[PDB]
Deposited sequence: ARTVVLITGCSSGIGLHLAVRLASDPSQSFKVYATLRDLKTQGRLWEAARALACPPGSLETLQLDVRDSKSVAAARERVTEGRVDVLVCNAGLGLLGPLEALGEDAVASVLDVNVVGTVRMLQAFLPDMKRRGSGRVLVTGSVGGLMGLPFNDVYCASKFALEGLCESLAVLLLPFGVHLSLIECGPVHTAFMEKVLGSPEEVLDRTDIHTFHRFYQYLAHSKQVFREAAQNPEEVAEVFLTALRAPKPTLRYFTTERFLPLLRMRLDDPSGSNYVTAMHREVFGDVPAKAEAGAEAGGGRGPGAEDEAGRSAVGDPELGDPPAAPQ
C-alpha cells in the first residue's frame, strides 16, 4: 500500500529532514524507517517529527551501524512489510585536515562508513529489488565527490568512490528495473589547532587556515536549507525514469565544467587553487 523507505544516517542533516518530510507528506504515501547509529541521538528526529505532525506509524527509528553487516541484517529483518521500495544511503562522515595530520584509524573509518557502509547496504538490499524487478536507490553525494577540495583529501576520496560505485552499478541495473541515483549536494545548513599544528608544518598550517576562511565564506553565502535539499530527493523518487545524477544547485557547475573539459586536470587545479588561496 505505502511506499516503504529506509534511510541511513537520520540523526541530523539531510537524513533527518528527508525522513520527516516523507513521513509527514500530506498524501501519507510513505512508511519511513529512519535509521541511526546511536539511539541517544534520536531526540532531534522526534522533535522534528512532532513539529511536522507525522501521523503515528508513519515513522519508526531503527538502530543501524553501517560498519557492521550484522547490524545491517538485523535492521532489514525489522522491516515488517518485507520489502523496501526506496533505499536512501545517506550516512556519512567528514574528515578535514592536512593529510599527514589525519590518524590512520580516522582515515579507515571514513572509508568504512562512507564507502564500505554503502556497499553493505546495497549487498543487503539490492537482491530482493532485482528479484521484484523494482526499487529505487538514492545515495547522498557531494560536490567533493565531483572535484577535489584541498584538506578534504580523504573525504573527497570517499565521495569520488561513491561515484564510481554507483555508476558501475547503474550500468548493470538498467535492465533490472532498479533505479539508482546520486543526489549531489553543495553546502547544507544542517583536531584542535594545537593538535593539527603538532602534526604538520607551519606553511601547511597556514594554508589550512586560508582554506577554512574561504570555506566559511562559501558556506555563509551558499549553504542550502536541508528542506530544499530533501525536495530534490523527492524529485528523484518520483521521476518515472530517473537519471544517474541530480544536482541540488547550479552553483558549482561552472567549476565542474572547467574540470570536465580539461581532462589533464591543469585548468581545474589552477582555478581551484586561485579560488581558495
property	result
Deposited-sequence stretches lacking C-alpha coordinates, listed in sequence order	191-197, 285-327
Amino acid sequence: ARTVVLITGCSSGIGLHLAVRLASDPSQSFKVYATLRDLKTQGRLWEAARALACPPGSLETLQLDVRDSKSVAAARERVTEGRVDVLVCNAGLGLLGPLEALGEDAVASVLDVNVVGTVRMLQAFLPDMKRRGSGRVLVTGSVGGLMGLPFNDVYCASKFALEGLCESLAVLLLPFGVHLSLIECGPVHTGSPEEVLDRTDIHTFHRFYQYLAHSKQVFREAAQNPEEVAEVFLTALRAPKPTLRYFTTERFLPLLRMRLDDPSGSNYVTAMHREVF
From here on, numbers count along this sequence of modelled residues.
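C-alpha atoms forming the largest set that superposes within 1.5 Å between two forms make up the rigid core.
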item	value
More shifted region, core-based fit in 6 other deposited structures of this protein, 140-148 vs 194-202 by CA	194-202
Which of 257-265 and 13-21 strays further in 6 other deposited structures of this protein - Cα RMS after rigid core alignment	257-265
Comparing 199-207 with 136-144, the one whose average Cα B-factor in the PDB entry is higher	199-207
Of 81-89 and 154-162, the stretch whose C-alpha atoms average the higher B-factor in the entry	81-89
Candidate set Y33, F247, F233, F252 [ranked by C-alpha B-factor, highest]	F252
Where the record places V269 (Cα B-factor, split into thirds across the chain)	middle
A48 by Cα B-factor - lowest, middle or highest third of the modelled chain	middle
CA B-factor ranking of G117, expressed as a third of its chain	lowest
Entry-reported Cα temperature factor of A124, expressed as the chain third it lands in	middle
Within-chain third of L212 by Cα B-factor, per the entry	middle
